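Novice: experimental structure below, sequence on top.
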Amino acid sequence: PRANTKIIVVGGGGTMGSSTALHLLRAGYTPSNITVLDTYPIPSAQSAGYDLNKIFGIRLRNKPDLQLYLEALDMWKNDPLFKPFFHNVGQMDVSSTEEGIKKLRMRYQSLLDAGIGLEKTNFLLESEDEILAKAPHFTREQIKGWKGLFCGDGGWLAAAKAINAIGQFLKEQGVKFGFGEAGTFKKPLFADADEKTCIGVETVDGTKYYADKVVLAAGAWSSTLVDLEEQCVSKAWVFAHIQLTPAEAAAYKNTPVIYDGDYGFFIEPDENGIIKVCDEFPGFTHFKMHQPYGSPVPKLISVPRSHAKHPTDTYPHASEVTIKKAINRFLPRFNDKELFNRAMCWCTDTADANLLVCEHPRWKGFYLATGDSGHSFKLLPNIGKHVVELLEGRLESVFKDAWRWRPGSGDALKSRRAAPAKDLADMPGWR
Ligand SMILES: *Cc1cc2c(cc1C)nc1c(=O)[nH]c(=O)nc-1n2C[C@H](O)[C@H](O)[C@H](O)COP(=O)(O)OP(=O)(O)OC[C@H]1O[C@@H](n2cnc3c(N)ncnc32)[C@H](O)[C@@H]1O
């Protein structure tokens, strides 16, 4: 029974972890029977969801994407917990190359082919007046030859504030927590030597926790903690910040997310006039030597870098150039603004960009909730519901099949992206 079942959530201070913790409580699980274990207190300061904002937008690259999007949209708009952090300003994809424009038109036609009537809230913009109509901060000279795709259900998400909102609820309900070395996963605990029955986890300080079921939602650290057999390759993307005065930020109030595949994107300034700018690239890996549990031999795994141990860290010099090019494209008036809060954000890719959400093949009672593939923060409100369904053996096949244990199903180093990720050991400047 739910009331008498104990669950351990590793990485419960992150996106998929806190979501799982939330839906356990909603399902009627006893709060004191739930134990969240994360290196950092929720919201985890090293979590990929520990950001000013993320983008919410429709994307149909896999079979479960449509239902996951519709589910999250419904909750981002109506759920009293998540609603205050969704800003529905829309999103616009632009391009001036013939291949980029070609790609816009195909993405638009892709939405139509779903047959649910997405053409009602998604429009192609073939004129310059149509573009300026939805994004008046551009100039007519700037957007000469641009074509646009406007998705109206889009917008951005107050990321860290949303995870923090879940955390406040968890603590207020009486969920037990473990931080620092007492919250840092080391290995699972087993009943016998055959290791076919998991009964808990041990942290790096030696502390042991016992429960009926364990959930591993360690994000980009998952493949370093347990042996995922190269199903997940962790990569880092980059962003920077610029600050506008209230008078400068005025022309961008309620502005749609602007995106161009050949440059990157930016989001409207927040409460403090801060604009974030990402670029567009396959990501950076960081292979460092590590022994994940389940592997008999120290493998070389892409491990996220610790900002705590490396304070001077920003990002490679190549990133500085591409971020400045993005700024020159979208916000040329601010080309003299200073960049600050340069940082790297870590995700983990699967081969087909589907999630990795499944019970461990051998470790019965041990479950995996990772494989975010750098596009899953949008699933914060609803992903935890399906993880619970997995634990109770009620996950529908459309999700269970795509999220299945699938080693040797392709190369996650390249994934669905344009190129294999380069490593930070070959990029100068970030250290
Ligand atoms: C990097 C990035 C990602 C991103 C994005 C922009 C950037 C720069 N923009 C997005 C967007 O616009 N829209 C969107 O939908 N997603 C976007 N993303 C991706 C998103 O951030 C990730 O997909 C997602 O956040 C990852 O989820 P996950 O739950 O997997 O990740 P996490 O929050 O990092 O969770 C990890 C937690 O695990 C804890 N941890 C790590 N190790 C341990 C150990 N050993 N023991 C206990 N806990 C551990 C971490 O501390 C963290 O709390």
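Specialist: Good, I have the coordinates. Numbering: from 1, shown residues only.
Novice: and the residue in the stretch 251-400 of the chain positioned nearest to the ligand, how many neighbours?
Specialist: Per C-beta to the nearest ligand atom, the residue of the stretch 251-400 of the chain with the smallest distance to the ligand is residue 345, at 2.9 Å. Quick note: C-beta positions are derived from backbone N, CA and C, even for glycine. Residues within reach of residue 345, counting by other C-beta atoms under 10 Å, total 22.
Novice: didn't it look like it was pressed against residue 234?
Specialist: No - if you go by C-beta atoms under 8 Å, residue 345 and residue 234 don't touch, sitting 11.1 Å apart.
Novice: near the ligand, which residues of the stretch 301-431 of the chain?
Specialist: 345, 347, 370, 372, 374-378 (C-beta under 6 Å from any ligand atom).
Novice: tabulate those (JSON lines), appending secondary structure.
Specialist: Converted to JSON lines, these look like this (DSSP: H, G, I helix; E, B strand; the rest coil):
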{"residue": "345", "secondary structure": "strand"}
{"residue": "347", "secondary structure": "strand"}
{"residue": "370", "secondary structure": "strand"}
{"residue": "372", "secondary structure": "coil"}
{"residue": "374", "secondary structure": "coil"}
{"residue": "375", "secondary structure": "coil"}
{"residue": "376", "secondary structure": "coil"}
{"residue": "377", "secondary structure": "helix"}
{"residue": "378", "secondary structure": "helix"}
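Novice: most neighbours among those residues, which one?
Specialist: In terms of neighbour count, residue 370 stands highest of these at 32 neighbours, by other C-beta under 10 Å.
Novice: tell me if I'm right that it and residue 226 touch.
Specialist: No - checked against C-beta under 8 Å, the pair residue 370 and residue 226 is beyond contact range at 9.5 Å.
Novice: shared neighbours, those two?
Specialist: residue 216 (C-beta atoms under 8 Å, 6 or more residues apart in numbering).
Novice: mind listing what residue 226 touches?
Specialist: Here residue 226 is in contact with 188, 216, 292-294, 360, 368 (C-beta under 8 Å, 6+ apart).
Novice: for these, give me a markdown table that also has neighbour count.
Specialist: Shown next, in a markdown table, are these (neighbours: other C-beta atoms under 10 Å):
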| residue | neighbour count |
| --- | --- |
| 188 | 23 |
| 216 | 28 |
| 292 | 19 |
| 293 | 16 |
| 294 | 17 |
| 360 | 20 |
| 368 | 27 |
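Novice: near the ligand, which residues of the stretch 51-200 of the chain are found?
Specialist: Residues of the stretch 51-200 of the chain lying near the ligand by C-beta under 6 Å from any ligand atom: 54-55, 183-185.
Novice: those residues in strands, which ones?
Specialist: 54-55, 185 (DSSP state E).
Novice: by neighbours, which of these wins?
Specialist: That'd be residue 185 among these, by other C-beta under 10 Å, with 25 neighbours.
Novice: and that residue, bridged to which residues?
Specialist: Per DSSP bridges, the residues bridged to residue 185 are residue 203.
Novice: would you agree it is in contact with residue 219?
Specialist: No - the pair residue 185 and residue 219 does not pass the contact test of C-beta under 8 Å, sitting 11.9 Å apart.
Novice: mutual contacts of these two, please.
Specialist: Joint contacts of residue 185 and residue 219 (C-beta under 8 Å, 6+ apart) are residue 11.
Novice: and the residue of the chain found nearest the ligand, what does it touch?
Specialist: As assessed by C-beta to the nearest ligand atom, the ligand sits closest to residue 14 within the chain, at 2.3 Å. Residues near residue 14 by C-beta under 8 Å, 6+ apart: 38, 44, 47-49, 163, 217-219.
Novice: hmm, try it at 6 Å
Specialist: When contacts are counted by C-beta atoms under 6 Å, 6 or more residues apart in numbering, residue 14 is found next to 44, 47, 219.
Novice: tell me where the chain has helices.
Specialist: 15-27, 65-78, 98-112, 128-134, 159-173, 222-225, 246-249, 317-330, 383-391, 397-400 (DSSP state H).
Novice: pull out the buried positions in the second one.
Specialist: Which is helix 65-78. Using 16 or more other C-beta atoms under 10 Å as the test for burial, helix 65-78 gives 65-66, 68-69, 71-73, 75-76.
Novice: quick revisit: distance check, the residue of the chain closest to the ligand against residue 222.
Specialist: Distance, residue 14 to residue 222, using C-beta to C-beta, to the nearest Å: 10 Å.
Novice: next: residue 135.
Specialist: From residue 135 to residue 222 the distance is 38 Å (C-beta to C-beta).
Novice: coming back round to it: columns distance to residue 240 on top of the helices of the chain, output as JSON lines?
Specialist: As requested, the helices of the chain are exported to JSON lines (distance: least, C-beta to C-beta, whole Å):
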{"stretch": "helix 15-27", "distance to residue 240": "22"}
{"stretch": "helix 65-78", "distance to residue 240": "26"}
{"stretch": "helix 98-112", "distance to residue 240": "23"}
{"stretch": "helix 128-134", "distance to residue 240": "25"}
{"stretch": "helix 159-173", "distance to residue 240": "17"}
{"stretch": "helix 222-225", "distance to residue 240": "27"}
{"stretch": "helix 246-249", "distance to residue 240": "17"}
{"stretch": "helix 317-330", "distance to residue 240": "5"}
{"stretch": "helix 383-391", "distance to residue 240": "28"}
{"stretch": "helix 397-400", "distance to residue 240": "36"}
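Novice: domain assignment for this protein?
Specialist: Split into domains by curated CATH domains, the chain comes to 1-87+154-232+351-410, 88-153+233-350+411-431.
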